[PDB]
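Content type mmCIF, C-alpha atoms and all ligand atoms, from the file input.cif:
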data_query
#
loop_
_atom_site.group_PDB
_atom_site.id
_atom_site.type_symbol
_atom_site.label_atom_id
_atom_site.label_comp_id
_atom_site.auth_asym_id
_atom_site.auth_seq_id
_atom_site.Cartn_x
_atom_site.Cartn_y
_atom_site.Cartn_z
ATOM 1 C CA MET J 105 -17.845 -0.261 -9.846
ATOM 2 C CA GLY J 106 -14.782 1.799 -10.650
ATOM 3 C CA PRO J 107 -11.927 0.200 -12.576
ATOM 4 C CA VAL J 108 -11.121 -3.346 -11.461
ATOM 5 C CA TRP J 109 -8.526 -5.873 -12.573
ATOM 6 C CA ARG J 110 -10.168 -8.299 -14.990
ATOM 7 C CA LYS J 111 -7.775 -11.044 -13.935
ATOM 8 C CA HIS J 112 -7.032 -12.728 -10.605
ATOM 9 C CA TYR J 113 -3.357 -13.257 -11.411
ATOM 10 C CA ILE J 114 -1.693 -9.908 -10.737
ATOM 11 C CA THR J 115 2.047 -9.262 -10.962
ATOM 12 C CA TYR J 116 4.148 -6.539 -9.356
ATOM 13 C CA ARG J 117 7.689 -5.191 -9.678
ATOM 14 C CA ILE J 118 9.744 -2.957 -7.396
ATOM 15 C CA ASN J 119 11.328 -0.451 -9.775
ATOM 16 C CA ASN J 120 13.711 1.087 -7.239
ATOM 17 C CA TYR J 121 14.540 0.922 -3.532
ATOM 18 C CA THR J 122 14.535 3.606 -0.846
ATOM 19 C CA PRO J 123 17.903 4.186 0.873
ATOM 20 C CA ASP J 124 16.054 4.574 4.192
ATOM 21 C CA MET J 125 15.647 0.815 4.570
ATOM 22 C CA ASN J 126 17.764 -2.156 3.552
ATOM 23 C CA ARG J 127 16.623 -3.919 0.408
ATOM 24 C CA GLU J 128 15.224 -7.096 1.944
ATOM 25 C CA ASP J 129 13.121 -5.060 4.388
ATOM 26 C CA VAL J 130 11.472 -3.308 1.447
ATOM 27 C CA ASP J 131 10.898 -6.652 -0.272
ATOM 28 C CA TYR J 132 9.358 -8.073 2.909
ATOM 29 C CA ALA J 133 7.151 -5.063 3.664
ATOM 30 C CA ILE J 134 5.757 -5.003 0.127
ATOM 31 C CA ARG J 135 5.226 -8.769 -0.007
ATOM 32 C CA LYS J 136 3.266 -8.772 3.255
ATOM 33 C CA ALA J 137 1.201 -5.829 2.008
ATOM 34 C CA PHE J 138 -0.071 -7.751 -1.018
ATOM 35 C CA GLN J 139 -0.710 -10.764 1.219
ATOM 36 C CA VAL J 140 -3.067 -8.711 3.391
ATOM 37 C CA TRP J 141 -5.399 -8.322 0.412
ATOM 38 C CA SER J 142 -4.635 -11.850 -0.778
ATOM 39 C CA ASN J 143 -6.016 -13.175 2.514
ATOM 40 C CA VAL J 144 -9.572 -12.025 1.786
ATOM 41 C CA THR J 145 -9.788 -12.271 -2.015
ATOM 42 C CA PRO J 146 -9.330 -14.790 -4.844
ATOM 43 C CA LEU J 147 -6.418 -12.587 -5.955
ATOM 44 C CA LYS J 148 -2.921 -14.025 -6.337
ATOM 45 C CA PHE J 149 0.107 -11.723 -6.421
ATOM 46 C CA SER J 150 3.456 -12.696 -7.942
ATOM 47 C CA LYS J 151 6.713 -10.732 -7.874
ATOM 48 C CA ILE J 152 8.607 -9.976 -11.086
ATOM 49 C CA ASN J 153 12.284 -8.995 -11.074
ATOM 50 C CA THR J 154 12.622 -8.035 -14.731
ATOM 51 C CA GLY J 155 10.037 -7.102 -17.348
ATOM 52 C CA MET J 156 6.403 -6.042 -17.502
ATOM 53 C CA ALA J 157 4.311 -6.098 -14.334
ATOM 54 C CA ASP J 158 0.802 -4.843 -13.583
ATOM 55 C CA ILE J 159 1.747 -2.932 -10.440
ATOM 56 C CA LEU J 160 4.995 -0.960 -10.452
ATOM 57 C CA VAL J 161 6.366 0.203 -7.096
ATOM 58 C CA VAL J 162 8.374 3.429 -7.312
ATOM 59 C CA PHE J 163 10.265 5.565 -4.797
ATOM 60 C CA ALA J 164 10.584 9.174 -5.980
ATOM 61 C CA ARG J 165 10.368 12.781 -4.784
ATOM 62 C CA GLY J 166 8.554 15.943 -5.875
ATOM 63 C CA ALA J 167 7.471 16.051 -9.504
ATOM 64 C CA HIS J 168 8.323 12.634 -10.914
ATOM 65 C CA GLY J 169 6.811 12.036 -14.346
ATOM 66 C CA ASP J 170 3.090 12.104 -13.612
ATOM 67 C CA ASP J 171 0.758 15.058 -13.061
ATOM 68 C CA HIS J 172 0.758 14.446 -9.305
ATOM 69 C CA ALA J 173 3.869 15.907 -7.674
ATOM 70 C CA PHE J 174 4.899 15.054 -4.115
ATOM 71 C CA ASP J 175 5.299 17.750 -1.470
ATOM 72 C CA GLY J 176 8.435 17.011 0.552
ATOM 73 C CA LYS J 177 8.501 15.442 4.011
ATOM 74 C CA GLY J 178 5.031 15.238 5.543
ATOM 75 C CA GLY J 179 1.657 15.789 3.907
ATOM 76 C CA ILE J 180 1.123 13.277 1.113
ATOM 77 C CA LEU J 181 3.076 10.103 1.853
ATOM 78 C CA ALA J 182 2.208 8.278 -1.371
ATOM 79 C CA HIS J 183 -0.362 7.763 -4.117
ATOM 80 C CA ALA J 184 -1.549 4.967 -6.392
ATOM 81 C CA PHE J 185 -3.460 4.733 -9.665
ATOM 82 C CA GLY J 186 -6.563 2.608 -10.161
ATOM 83 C CA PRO J 187 -6.525 -0.646 -12.189
ATOM 84 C CA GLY J 188 -5.589 -0.323 -15.860
ATOM 85 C CA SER J 189 -2.752 -0.515 -18.374
ATOM 86 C CA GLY J 190 0.389 1.611 -18.264
ATOM 87 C CA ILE J 191 0.592 3.757 -15.142
ATOM 88 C CA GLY J 192 -2.659 2.180 -13.952
ATOM 89 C CA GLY J 193 -2.203 0.126 -10.799
ATOM 90 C CA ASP J 194 1.173 1.710 -10.079
ATOM 91 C CA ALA J 195 2.043 2.838 -6.554
ATOM 92 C CA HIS J 196 4.453 5.702 -5.886
ATOM 93 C CA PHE J 197 6.000 6.468 -2.493
ATOM 94 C CA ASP J 198 7.411 9.852 -1.451
ATOM 95 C CA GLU J 199 11.163 9.543 -0.908
ATOM 96 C CA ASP J 200 11.167 12.713 1.196
ATOM 97 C CA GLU J 201 9.550 10.615 3.929
ATOM 98 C CA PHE J 202 11.663 8.338 6.116
ATOM 99 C CA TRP J 203 10.361 4.821 5.540
ATOM 100 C CA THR J 204 10.754 2.329 8.387
ATOM 101 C CA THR J 205 9.685 -1.127 9.536
ATOM 102 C CA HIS J 206 8.460 0.335 12.826
ATOM 103 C CA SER J 207 6.623 3.206 14.534
ATOM 104 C CA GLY J 208 9.309 5.798 13.845
ATOM 105 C CA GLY J 209 9.065 7.770 10.616
ATOM 106 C CA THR J 210 6.554 6.327 8.169
ATOM 107 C CA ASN J 211 5.852 2.591 8.217
ATOM 108 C CA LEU J 212 6.192 1.258 4.672
ATOM 109 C CA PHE J 213 4.061 -1.852 5.248
ATOM 110 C CA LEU J 214 0.985 0.068 6.423
ATOM 111 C CA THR J 215 1.339 2.682 3.681
ATOM 112 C CA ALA J 216 1.756 -0.097 1.118
ATOM 113 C CA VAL J 217 -1.414 -1.877 2.258
ATOM 114 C CA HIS J 218 -3.325 1.386 1.817
ATOM 115 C CA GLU J 219 -1.813 2.138 -1.596
ATOM 116 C CA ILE J 220 -2.258 -1.398 -2.926
ATOM 117 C CA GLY J 221 -5.904 -1.019 -1.922
ATOM 118 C CA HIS J 222 -6.003 1.914 -4.336
ATOM 119 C CA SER J 223 -4.134 -0.184 -6.902
ATOM 120 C CA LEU J 224 -6.905 -2.782 -6.636
ATOM 121 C CA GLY J 225 -9.577 -0.116 -7.122
ATOM 122 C CA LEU J 226 -10.668 0.813 -3.595
ATOM 123 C CA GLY J 227 -11.697 4.285 -2.470
ATOM 124 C CA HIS J 228 -11.523 5.777 1.020
ATOM 125 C CA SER J 229 -13.392 4.796 4.176
ATOM 126 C CA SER J 230 -14.643 7.031 6.987
ATOM 127 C CA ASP J 231 -13.901 4.276 9.507
ATOM 128 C CA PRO J 232 -10.816 5.134 11.625
ATOM 129 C CA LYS J 233 -10.273 1.381 11.999
ATOM 130 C CA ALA J 234 -10.200 0.822 8.234
ATOM 131 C CA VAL J 235 -6.852 0.701 6.442
ATOM 132 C CA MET J 236 -8.438 2.703 3.622
ATOM 133 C CA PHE J 237 -9.028 5.566 6.046
ATOM 134 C CA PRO J 238 -7.638 8.724 4.346
ATOM 135 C CA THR J 239 -4.941 9.500 6.935
ATOM 136 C CA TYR J 240 -1.971 7.435 8.122
ATOM 137 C CA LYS J 241 -1.970 5.586 11.443
ATOM 138 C CA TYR J 242 0.601 3.287 13.023
ATOM 139 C CA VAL J 243 -0.334 -0.021 14.612
ATOM 140 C CA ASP J 244 1.943 -2.937 15.534
ATOM 141 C CA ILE J 245 2.189 -5.138 12.444
ATOM 142 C CA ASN J 246 0.742 -8.024 14.480
ATOM 143 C CA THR J 247 -2.068 -6.266 16.298
ATOM 144 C CA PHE J 248 -3.149 -5.398 12.779
ATOM 145 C CA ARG J 249 -6.382 -6.665 11.245
ATOM 146 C CA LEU J 250 -8.332 -5.692 8.143
ATOM 147 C CA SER J 251 -11.509 -3.884 9.154
ATOM 148 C CA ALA J 252 -14.890 -5.249 8.084
ATOM 149 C CA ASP J 253 -15.292 -2.241 5.788
ATOM 150 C CA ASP J 254 -12.021 -2.963 3.974
ATOM 151 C CA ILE J 255 -13.066 -6.580 3.504
ATOM 152 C CA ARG J 256 -16.588 -5.689 2.359
ATOM 153 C CA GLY J 257 -15.164 -3.133 -0.056
ATOM 154 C CA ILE J 258 -12.586 -5.407 -1.660
ATOM 155 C CA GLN J 259 -14.896 -8.440 -1.822
ATOM 156 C CA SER J 260 -17.471 -6.342 -3.677
ATOM 157 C CA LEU J 261 -14.838 -5.846 -6.386
ATOM 158 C CA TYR J 262 -13.427 -9.379 -6.572
ATOM 159 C CA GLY J 263 -15.000 -12.790 -6.036
HETATM 160 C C1 LIG E 301 0.229 -0.153 21.846
HETATM 161 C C2 LIG E 301 -1.118 0.050 21.189
HETATM 162 N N1 LIG E 301 -2.181 -0.315 22.121
HETATM 163 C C3 LIG E 301 -3.378 -0.813 21.771
HETATM 164 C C4 LIG E 301 -3.645 -1.084 20.322
HETATM 165 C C5 LIG E 301 -4.738 -1.565 19.714
HETATM 166 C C6 LIG E 301 -4.603 -1.730 18.257
HETATM 167 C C7 LIG E 301 -5.532 -2.076 17.356
HETATM 168 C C8 LIG E 301 -6.933 -2.328 17.671
HETATM 169 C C9 LIG E 301 -7.984 -2.660 16.642
HETATM 170 N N2 LIG E 301 -7.858 -2.780 15.283
HETATM 171 C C10 LIG E 301 -6.657 -2.662 14.443
HETATM 172 C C11 LIG E 301 -6.756 -1.534 13.406
HETATM 173 C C12 LIG E 301 -7.381 -0.278 14.000
HETATM 174 C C13 LIG E 301 -6.852 0.014 15.399
HETATM 175 C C14 LIG E 301 -7.167 1.436 15.764
HETATM 176 O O1 LIG E 301 -8.293 1.880 15.674
HETATM 177 N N3 LIG E 301 -6.149 2.165 16.189
HETATM 178 C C15 LIG E 301 -6.333 3.536 16.612
HETATM 179 C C16 LIG E 301 -5.023 4.134 17.101
HETATM 180 C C17 LIG E 301 -5.151 5.622 17.384
HETATM 181 O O2 LIG E 301 -3.861 6.120 17.719
HETATM 182 C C18 LIG E 301 -3.929 7.461 18.052
HETATM 183 C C19 LIG E 301 -2.683 8.282 17.616
HETATM 184 O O3 LIG E 301 -2.718 8.466 16.275
HETATM 185 C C20 LIG E 301 -1.465 8.898 15.685
HETATM 186 C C21 LIG E 301 -1.549 8.859 14.192
HETATM 187 O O4 LIG E 301 -0.482 9.699 13.634
HETATM 188 C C22 LIG E 301 -0.337 9.538 12.179
HETATM 189 C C23 LIG E 301 -0.130 10.910 11.553
HETATM 190 C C24 LIG E 301 -0.054 11.076 10.025
HETATM 191 N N4 LIG E 301 -1.070 11.375 9.129
HETATM 192 C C25 LIG E 301 -0.927 12.345 8.236
HETATM 193 O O5 LIG E 301 -1.563 13.382 8.314
HETATM 194 C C26 LIG E 301 0.048 12.157 7.113
HETATM 195 C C27 LIG E 301 1.224 13.113 7.302
HETATM 196 C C28 LIG E 301 2.088 12.737 8.500
HETATM 197 C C29 LIG E 301 3.336 13.591 8.518
HETATM 198 O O6 LIG E 301 3.257 14.808 8.598
HETATM 199 O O7 LIG E 301 4.538 13.023 8.449
HETATM 200 N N5 LIG E 301 -0.607 12.441 5.856
HETATM 201 C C30 LIG E 301 -1.487 11.600 5.322
HETATM 202 O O8 LIG E 301 -1.815 10.544 5.834
HETATM 203 C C31 LIG E 301 -2.085 12.051 4.024
HETATM 204 C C32 LIG E 301 -3.227 13.024 4.299
HETATM 205 C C33 LIG E 301 -2.804 14.446 3.954
HETATM 206 C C34 LIG E 301 -3.976 15.160 3.326
HETATM 207 O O9 LIG E 301 -5.053 14.482 2.944
HETATM 208 O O10 LIG E 301 -3.953 16.366 3.162
HETATM 209 N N6 LIG E 301 -2.577 10.981 3.173
HETATM 210 C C35 LIG E 301 -1.754 10.123 2.576
HETATM 211 O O11 LIG E 301 -0.539 10.168 2.686
HETATM 212 C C36 LIG E 301 -2.394 9.098 1.696
HETATM 213 C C37 LIG E 301 -1.457 7.909 1.535
HETATM 214 C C38 LIG E 301 -1.445 6.958 2.713
HETATM 215 C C39 LIG E 301 -2.469 6.571 3.573
HETATM 216 C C40 LIG E 301 -1.919 5.666 4.492
HETATM 217 C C41 LIG E 301 -2.629 4.970 5.604
HETATM 218 C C42 LIG E 301 -3.974 5.210 5.847
HETATM 219 C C43 LIG E 301 -4.624 4.546 6.883
HETATM 220 C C44 LIG E 301 -3.927 3.639 7.674
HETATM 221 C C45 LIG E 301 -4.613 2.923 8.781
HETATM 222 C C46 LIG E 301 -5.588 3.561 9.540
HETATM 223 C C47 LIG E 301 -6.221 2.877 10.571
HETATM 224 C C48 LIG E 301 -5.885 1.557 10.844
HETATM 225 C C49 LIG E 301 -4.913 0.923 10.082
HETATM 226 CL CL1 LIG E 301 -4.477 -0.779 10.427
HETATM 227 C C50 LIG E 301 -4.277 1.603 9.052
HETATM 228 C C51 LIG E 301 -2.580 3.396 7.426
HETATM 229 C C52 LIG E 301 -1.933 4.060 6.391
HETATM 230 N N7 LIG E 301 -0.607 5.496 4.212
HETATM 231 O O12 LIG E 301 -0.365 6.270 3.163
HETATM 232 C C53 LIG E 301 -2.510 9.785 0.339
HETATM 233 P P1 LIG E 301 -3.620 8.934 -0.815
HETATM 234 O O13 LIG E 301 -4.863 8.544 -0.114
HETATM 235 O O14 LIG E 301 -2.888 7.646 -1.444
HETATM 236 C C54 LIG E 301 -4.007 10.061 -2.092
HETATM 237 C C55 LIG E 301 -2.988 10.722 -2.770
HETATM 238 C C56 LIG E 301 -3.293 11.621 -3.788
HETATM 239 C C57 LIG E 301 -4.620 11.852 -4.133
HETATM 240 BR BR1 LIG E 301 -5.048 13.069 -5.515
HETATM 241 C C58 LIG E 301 -5.640 11.187 -3.458
HETATM 242 C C59 LIG E 301 -5.332 10.290 -2.440
HETATM 243 C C60 LIG E 301 -9.077 -3.103 14.769
HETATM 244 C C61 LIG E 301 -9.532 -3.338 13.477
HETATM 245 C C62 LIG E 301 -10.876 -3.634 13.246
HETATM 246 C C63 LIG E 301 -11.790 -3.696 14.296
HETATM 247 C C64 LIG E 301 -13.132 -3.998 14.059
HETATM 248 S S1 LIG E 301 -13.689 -4.267 12.583
HETATM 249 O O15 LIG E 301 -15.228 -4.787 12.634
HETATM 250 O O16 LIG E 301 -13.674 -2.864 11.762
HETATM 251 O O17 LIG E 301 -12.771 -5.378 11.818
HETATM 252 C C65 LIG E 301 -14.019 -4.043 15.130
HETATM 253 C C66 LIG E 301 -13.592 -3.798 16.431
HETATM 254 S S2 LIG E 301 -14.645 -3.878 17.640
HETATM 255 O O18 LIG E 301 -13.892 -3.662 19.063
HETATM 256 O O19 LIG E 301 -15.847 -2.794 17.458
HETATM 257 O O20 LIG E 301 -15.315 -5.356 17.638
HETATM 258 C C67 LIG E 301 -12.244 -3.513 16.658
HETATM 259 C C68 LIG E 301 -11.345 -3.455 15.595
HETATM 260 C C69 LIG E 301 -9.995 -3.159 15.805
HETATM 261 C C70 LIG E 301 -9.380 -2.880 17.123
HETATM 262 C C71 LIG E 301 -9.935 -1.603 17.735
HETATM 263 C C72 LIG E 301 -9.460 -4.091 18.041
HETATM 264 C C73 LIG E 301 -4.273 -1.111 22.938
HETATM 265 C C74 LIG E 301 -4.534 -2.604 23.061
HETATM 266 C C75 LIG E 301 -5.541 -0.270 22.921
HETATM 267 C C76 LIG E 301 -3.329 -0.632 23.993
HETATM 268 C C77 LIG E 301 -2.130 -0.181 23.464
HETATM 269 C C78 LIG E 301 -1.142 0.301 24.310
HETATM 270 C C79 LIG E 301 -1.355 0.327 25.678
HETATM 271 C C80 LIG E 301 -2.554 -0.124 26.220
HETATM 272 C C81 LIG E 301 -2.742 -0.086 27.602
HETATM 273 S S3 LIG E 301 -1.621 0.460 28.600
HETATM 274 O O21 LIG E 301 -2.282 0.632 30.081
HETATM 275 O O22 LIG E 301 -0.527 -0.470 28.682
HETATM 276 O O23 LIG E 301 -1.142 1.735 28.143
HETATM 277 C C82 LIG E 301 -3.936 -0.528 28.146
HETATM 278 C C83 LIG E 301 -4.936 -1.018 27.324
HETATM 279 S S4 LIG E 301 -6.294 -1.524 27.991
HETATM 280 O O24 LIG E 301 -7.388 -1.214 27.136
HETATM 281 O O25 LIG E 301 -6.237 -3.151 28.115
HETATM 282 O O26 LIG E 301 -6.511 -0.929 29.281
HETATM 283 C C84 LIG E 301 -4.751 -1.054 25.941
HETATM 284 C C85 LIG E 301 -3.555 -0.608 25.376
HETATM 285 CA CA CA E 302 5.165 14.143 1.237
HETATM 286 CA CA CA E 303 0.668 -0.541 -14.272
HETATM 287 CA CA CA E 304 13.615 8.843 2.314
HETATM 288 ZN ZN ZN E 305 3.355 9.491 -8.880
HETATM 289 ZN ZN ZN E 306 -5.799 6.844 -0.045
#

Kindly return the structure encoded in the file as structure tokens.
Amino acid sequence: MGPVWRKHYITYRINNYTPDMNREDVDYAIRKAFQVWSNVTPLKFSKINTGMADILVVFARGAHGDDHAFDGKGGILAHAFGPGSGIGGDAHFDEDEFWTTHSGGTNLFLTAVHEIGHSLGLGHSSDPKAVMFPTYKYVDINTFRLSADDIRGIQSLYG
């Protein structure tokens, strides 16, 4: 196994909000993202408004404090760090993208599910149906199901 959280109670905090979407939409998209993984694991995710949280959600552009700079609109949409203290577990989203709640631009919910998967310690899949497939794909939020590979992967880490 790579790094895994050694606790089932995992907190998260949204450090800043993208101006592309309204604030509640970002809150909703992120909350549903964690719930996707919560549905198939013994993991419980709780939101923190102020203070220390395991998983920090950040919207930034270009070079932004870590050794992994973003590249403007297109290309890399986001990245996340594996489980661990400090920057570990944190998920950063490229602000040069246009985040949406739909098919247009880049869907935040889908990207968040993928990144949180990284935050939980998952690698990539070669299954085009898997959410941990390396490249983005849009699918209606309610024709959406976790692939068997995603579920097998995450259950091998927790439970
Ligand atoms: C309407 C519709 N429809 C339909 C539908 C259906 C649906 C569904 C189904 C299903 N499912 C679900 C899921 C899956 C599905 C599928 O498959 N789908 C497919 C689709 C396809 O489409 C096509 C098109 O495409 C497009 C795409 O585009 C996009 C692009 C982009 N990309 C890129 O490239 C980017 C950029 C962009 C710009 O430029 O801007 N980039 C990227 O991405 C990067 C890369 C770069 C490089 O590398 O260089 N990357 C990044 O960014 C990263 C981050 C991220 C990621 C992400 C993501 C990922 C992934 C994803 C996904 C995928 C897939 C899926 C999903 Cl859900 C998700 C997402 C996202 N984000 O972000 C970076 P990173 O990684 O972080 C990194 C960083 C740094 C470093 Br140093 C490292 C790293 C399903 C499922 C499942 C299943 C199964 S299982 O077992 O598996 O569970 C099974 C089955 S079976 O059958 O076999 O049993 C199944 C399944 C499933 C199904 C299939 C069911 C239909 C219904 C079909 C229809 C429709 C419509 C219509 C119709 C008709 S009509 O006539 O009307 O027309 C008809 C019909 S019939 O048939 O009835 O006839 C139908 C229909
Ligand atoms: Ca980019
Ligand atoms: Ca962290
Ligand atoms: Ca933006
Ligand atoms: Zn970053
Ligand atoms: Zn990935």

(message) Please return as a PyMOL selection string every residue within 8 Å of (4.8, 5.3, 5.0), taking into account all atoms listed in the file and the file's own coordinates.
(response) chain J and resi 181-182+197+201-204+209-216+240

(request) Tell me which of J:263, J:238, J:208, J:193 sits closest to residue 224 in chain J, counting all atoms listed in the file. (result) J:193

(request) Grab the atom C8 of ligand LIG 301 (chain E) to CA of residue 134 in chain J distance for me, in Å with one decimal place. (result) 21.8 Å

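For the file shown, the residue list from the PyMOL selection byres (((not hetatm)) within 9 of (chain E and resi 304)) reads residues 122, 123, 124, 125, 163, 164, 165, 177, 198, 199, 200, 201, 202 and 203 of chain J.
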
Enumerate, in order of chain and increasing residue number, the residues of chain J with an atom no farther than 12 Å from ligand CA 303 (chain E), each with its shortest atom pair and distance in Å to one decimal, counting all atoms listed in the file, as a Markdown table.
| residue | atom | partner | partner_atom | distance |
| --- | --- | --- | --- | --- |
| J:109 | CA | E:CA303 | CA | 10.8 |
| J:114 | CA | E:CA303 | CA | 10.3 |
| J:115 | CA | E:CA303 | CA | 9.4 |
| J:116 | CA | E:CA303 | CA | 8.5 |
| J:117 | CA | E:CA303 | CA | 9.6 |
| J:118 | CA | E:CA303 | CA | 11.6 |
| J:119 | CA | E:CA303 | CA | 11.6 |
| J:155 | CA | E:CA303 | CA | 11.8 |
| J:156 | CA | E:CA303 | CA | 8.6 |
| J:157 | CA | E:CA303 | CA | 6.6 |
| J:158 | CA | E:CA303 | CA | 4.4 |
| J:159 | CA | E:CA303 | CA | 4.6 |
| J:160 | CA | E:CA303 | CA | 5.8 |
| J:161 | CA | E:CA303 | CA | 9.2 |
| J:162 | CA | E:CA303 | CA | 11.1 |
| J:184 | CA | E:CA303 | CA | 9.9 |
| J:185 | CA | E:CA303 | CA | 8.1 |
| J:186 | CA | E:CA303 | CA | 8.9 |
| J:187 | CA | E:CA303 | CA | 7.5 |
| J:188 | CA | E:CA303 | CA | 6.5 |
| J:189 | CA | E:CA303 | CA | 5.3 |
| J:190 | CA | E:CA303 | CA | 4.5 |
| J:191 | CA | E:CA303 | CA | 4.4 |
| J:192 | CA | E:CA303 | CA | 4.3 |
| J:193 | CA | E:CA303 | CA | 4.6 |
| J:194 | CA | E:CA303 | CA | 4.8 |
| J:195 | CA | E:CA303 | CA | 8.5 |
| J:196 | CA | E:CA303 | CA | 11.1 |
| J:220 | CA | E:CA303 | CA | 11.7 |
| J:223 | CA | E:CA303 | CA | 8.8 |
| J:224 | CA | E:CA303 | CA | 11.0 |

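You can rank J:233, J:228, J:249, J:151 by their closest distance to ligand ZN 306 (chain E) using all atoms listed in the file, and at the top of that list sits J:228.
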
(message) Every residue with an atom at most 12 Å from (-5.2, -11.1, 1.2) (file coordinates; all atoms listed in the file) is what I'm after, so could you write them as number ranges by chain?
(response) J: 135-149, 217, 220-221, 224, 249-250, 254-255, 258-259, 262

For the residues selected in the previous step, produce a file with C-alpha atoms as an mmCIF file, keeping the file's coordinate frame.
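The result, written out as again-v8.cif:
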data_model
loop_
_atom_site.group_PDB
_atom_site.id
_atom_site.type_symbol
_atom_site.label_atom_id
_atom_site.label_comp_id
_atom_site.auth_asym_id
_atom_site.auth_seq_id
_atom_site.Cartn_x
_atom_site.Cartn_y
_atom_site.Cartn_z
ATOM 1 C CA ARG J 135 5.226 -8.769 -0.007
ATOM 2 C CA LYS J 136 3.266 -8.772 3.255
ATOM 3 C CA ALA J 137 1.201 -5.829 2.008
ATOM 4 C CA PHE J 138 -0.071 -7.751 -1.018
ATOM 5 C CA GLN J 139 -0.710 -10.764 1.219
ATOM 6 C CA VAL J 140 -3.067 -8.711 3.391
ATOM 7 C CA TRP J 141 -5.399 -8.322 0.412
ATOM 8 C CA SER J 142 -4.635 -11.850 -0.778
ATOM 9 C CA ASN J 143 -6.016 -13.175 2.514
ATOM 10 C CA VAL J 144 -9.572 -12.025 1.786
ATOM 11 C CA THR J 145 -9.788 -12.271 -2.015
ATOM 12 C CA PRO J 146 -9.330 -14.790 -4.844
ATOM 13 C CA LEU J 147 -6.418 -12.587 -5.955
ATOM 14 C CA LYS J 148 -2.921 -14.025 -6.337
ATOM 15 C CA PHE J 149 0.107 -11.723 -6.421
ATOM 16 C CA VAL J 217 -1.414 -1.877 2.258
ATOM 17 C CA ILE J 220 -2.258 -1.398 -2.926
ATOM 18 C CA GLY J 221 -5.904 -1.019 -1.922
ATOM 19 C CA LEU J 224 -6.905 -2.782 -6.636
ATOM 20 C CA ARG J 249 -6.382 -6.665 11.245
ATOM 21 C CA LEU J 250 -8.332 -5.692 8.143
ATOM 22 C CA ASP J 254 -12.021 -2.963 3.974
ATOM 23 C CA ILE J 255 -13.066 -6.580 3.504
ATOM 24 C CA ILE J 258 -12.586 -5.407 -1.660
ATOM 25 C CA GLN J 259 -14.896 -8.440 -1.822
ATOM 26 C CA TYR J 262 -13.427 -9.379 -6.572
#

(message) Please expand the PyMOL selection byres (((not hetatm)) within 7 of (chain E and resi 305)) into the concrete residues it hits in this file, giving the result as a list in words.
(response) residues 168, 169, 170, 172, 173, 183 and 196 of chain J

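Using only C-alpha atoms and all ligand atoms for every distance, the candidate list J:178, J:227, J:232, J:106 yields J:227 as the residue closest to ligand ZN 306 (chain E).
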
For range 155-167 of chain J, where the input has fewer atoms than it should, I would like N, CA and C atoms rebuilt and written as a short mmCIF file (atom, residue, chain, number, x, y, z; two decimals), in the coordinates of the input.
data_model
loop_
_atom_site.label_atom_id
_atom_site.label_comp_id
_atom_site.auth_asym_id
_atom_site.auth_seq_id
_atom_site.Cartn_x
_atom_site.Cartn_y
_atom_site.Cartn_z
N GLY J 155 11.06 -7.07 -16.32
CA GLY J 155 10.04 -7.10 -17.35
C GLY J 155 8.75 -6.41 -16.96
N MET J 156 7.69 -6.70 -17.71
CA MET J 156 6.40 -6.04 -17.50
C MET J 156 5.65 -6.61 -16.30
N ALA J 157 5.14 -5.72 -15.47
CA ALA J 157 4.31 -6.10 -14.33
C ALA J 157 3.12 -5.15 -14.24
N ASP J 158 2.01 -5.64 -13.70
CA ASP J 158 0.80 -4.84 -13.58
C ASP J 158 1.00 -3.67 -12.63
N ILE J 159 1.57 -3.95 -11.47
CA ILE J 159 1.75 -2.93 -10.44
C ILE J 159 3.22 -2.60 -10.23
N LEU J 160 3.62 -1.40 -10.63
CA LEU J 160 5.00 -0.96 -10.45
C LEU J 160 5.14 -0.14 -9.17
N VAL J 161 6.09 -0.53 -8.32
CA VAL J 161 6.37 0.20 -7.10
C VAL J 161 7.56 1.13 -7.30
N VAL J 162 7.35 2.42 -7.06
CA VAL J 162 8.37 3.43 -7.31
C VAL J 162 8.61 4.33 -6.10
N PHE J 163 9.88 4.56 -5.79
CA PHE J 163 10.26 5.56 -4.80
C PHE J 163 10.83 6.80 -5.49
N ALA J 164 10.14 7.93 -5.37
CA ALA J 164 10.58 9.17 -5.98
C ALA J 164 10.17 10.38 -5.14
N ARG J 165 10.68 11.55 -5.51
CA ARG J 165 10.37 12.78 -4.78
C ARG J 165 9.85 13.87 -5.71
N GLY J 166 9.09 14.81 -5.14
CA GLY J 166 8.55 15.94 -5.88
C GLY J 166 7.81 15.57 -7.14
N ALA J 167 8.01 16.37 -8.19
CA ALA J 167 7.47 16.05 -9.50
C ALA J 167 8.29 14.92 -10.12
#
